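No gaps in the numbering here: position 173 of the sequence shown is 225 in the numbering used here, and each next residue is one more.
Here is the structure we will look at, set down as C-alpha cells.
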Amino acid sequence: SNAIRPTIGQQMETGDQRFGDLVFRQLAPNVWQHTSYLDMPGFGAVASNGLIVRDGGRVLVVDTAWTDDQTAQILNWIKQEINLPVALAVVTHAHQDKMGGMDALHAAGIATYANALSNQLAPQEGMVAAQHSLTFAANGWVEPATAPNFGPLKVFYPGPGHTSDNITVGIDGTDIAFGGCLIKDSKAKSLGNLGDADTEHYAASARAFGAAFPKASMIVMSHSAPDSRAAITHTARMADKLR
Ligand SMILES: CC1(C)S[C@H]([C@H](NC(=O)[C@H](N)c2ccccc2)C(=O)O)N[C@H]1C(=O)O
Ligand SMILES: [Zn+2]
Ligand SMILES: [Zn+2]
C-alpha cells in the first residue's frame, strides 16, 4: 500500500502498519497507537493519534478516530490483530479528533467514558457525549468510583490548557503516558489551535501532567510521534509565552 503523507501529524516510518485508511504502531507489548486522518479540502491530511491497550483478556481504547467509519476500522483492526473484546473507551476532550467516532463505539456496545465537562460540552461541539462521566479531585486525579475497572489506565485532569476539559492518561505497568492535544512534541513551533484554550493556565497544566506521571519516559500525543519528556517541557516553555 502507498504511504499516507499527512500535511500535519507525523509521517509514517519503520514500525508504522497501514490498515485501510489508518496506521497502527506498536509502542509496547500491550500498547499500540492508532492514527487516523482528516482530509481538509485544500490543505491535505491531518493525523490524530490515540491508544489501544491490552489488559489480559480485554482491550481498552483511548480516543476515537476523527469519524465513525474510521473508528469502526480501529475496531476491525483490534478484531484481526488482537481478537479480544473492547471493554471501554475513554475520550480526552470534546473535539472531533478525540470524540468524532463515538457513535461507532456505541453501535459496538462499548462503554464510553469522558470528563463530565466533556460530556456537558459535547452537544455544543457537534459531538455525542460518552455514556459515563469521570470526575476529578482538586489535585487532578480521577475519582476512582467514576472509573470502574479501568485496569492500567490512570486518568488525570491537569487543569485547563488546550481546552478546559482536556484529560490525560498514564498507562500503569509501562513507561507510557498520553497527553492528547495538550502536549506538542519537543520540536513543535506552535501549540496548535488555541481558539478554546486557557492561555493563562496552559503552562501550569502541561507541567502538572509531567508531575502526575513523573517516570513516564514515552510521551504520546495527538499529532506527533511518541517523544521524550522534552515534549512536556517544551510545551510548557511555549505556553509560558502566552502569559
Ligand atoms: C490539530 C488541531 C490544530 S485541530 C484539532 C481540533 N479541531 C478539530 O477537531 C476541528 N473539528 C477541525 C476543524 C478544521 C480542521 C481540522 C480540525 C481542535 O480544535 O483542537 N486539534 C488541534 C490541536 O491539537 O492543536
Ligand atoms: Zn481539541
Ligand atoms: Zn488535536
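For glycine and all other residues, C-beta sits at the position ideal for the given N, C-alpha and C.
- Of the candidates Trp-84, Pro-266, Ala-199, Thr-66, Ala-199 places its Cα closest to the Cα of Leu-186.
- Residue environment for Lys-293: exposed (fewer than 16 other C-beta atoms within 10 angstroms of its C-beta).
- With respect to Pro-212, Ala-249 sits close: the two C-beta atoms are nearer than 9 Å.
- Between ligand 1 and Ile-219, a heavy atom-to-CB distance of less than 8 Å is absent.
- Its chain contains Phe-76, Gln-78, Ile-104 as the residues whose beta carbon lies nearer than 6 Å to that of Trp-84, once the 5 sequence neighbours on both sides are disregarded; these appear in chain order.
- Residue range 168-173 is occupied by the alpha helix (DSSP H) that includes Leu-173.
- Collapsing the DSSP output to three states places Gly-72 in coil.
- DSSP places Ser-257 inside the alpha helix (DSSP H), whose first and last residues are 254-264.
- For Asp-107, the enclosing beta strand (DSSP E) covers residues 96-107.
- The Cβ-Cβ distance between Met-290 and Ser-257 does not fall below 9 Å.
- The beta carbon of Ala-277 sits closer than 6 Å to those of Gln-62, all from its chain and outside the five residues before and after it, given in chain order.
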